[PDB]
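Given as structure tokens, the chain that follows is alone and in the form deposited in one PDB entry.
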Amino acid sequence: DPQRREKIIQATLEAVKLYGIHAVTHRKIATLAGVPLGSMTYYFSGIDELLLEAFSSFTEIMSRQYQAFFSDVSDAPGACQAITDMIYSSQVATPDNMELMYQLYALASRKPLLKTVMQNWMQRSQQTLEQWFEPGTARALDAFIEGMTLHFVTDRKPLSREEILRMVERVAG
């Protein structure tokens, strides 16, 4: 059943945030999903397979909200404003989605299938930006977004939206 699988997937993601990768178990995910422990075994082969599916699902939802910023963009100047919106909004409120995303970078370096998921996510992001930028610039821009977003977590001095826009437009070239 599609809906219970998805609840298990979401429970898995929330579980990673609360407990960390090593500490996650079937019992914790089942309690978090409100499902019988016996059903964790049905929908997935192992805890590892589950985590992989759940990280995959997570990147798909990152991409959907990524494009969301760009649904109204029709050219490169508009894209620089959107990218600026995205970075600025991260600054003013740290999205709850990034320590999960840094975990994934580390994990990808030891887990090839996760690396495959991550490359797939990156290509999605590139493809979005490539609507308005040549491929190299698109790669630069997406790197700058992720870098700035992380930077905000532990940065004390504030950056204004305009300062961010000026940086984004320098990268866009």
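All residue numbers are counted from 1 along the displayed sequence. Here, rigid core means the biggest group of C-alpha atoms that superpose within 1.5 Å across both forms.
Not pictured, yet referred to below: the form deposited in another entry.
Note: rigid core superposed between the shown form and the other one; among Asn120, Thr41, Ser109, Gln127, the CA shift is 2 Å or more only at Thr41.
If you compare C-alpha positions, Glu134 and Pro95 are 3 angstroms or more farther apart in the other entry than in the form on display. The gap between the Cα atoms of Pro95 and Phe69 is larger in the other entry, by no less than 3 Å, than in this form.
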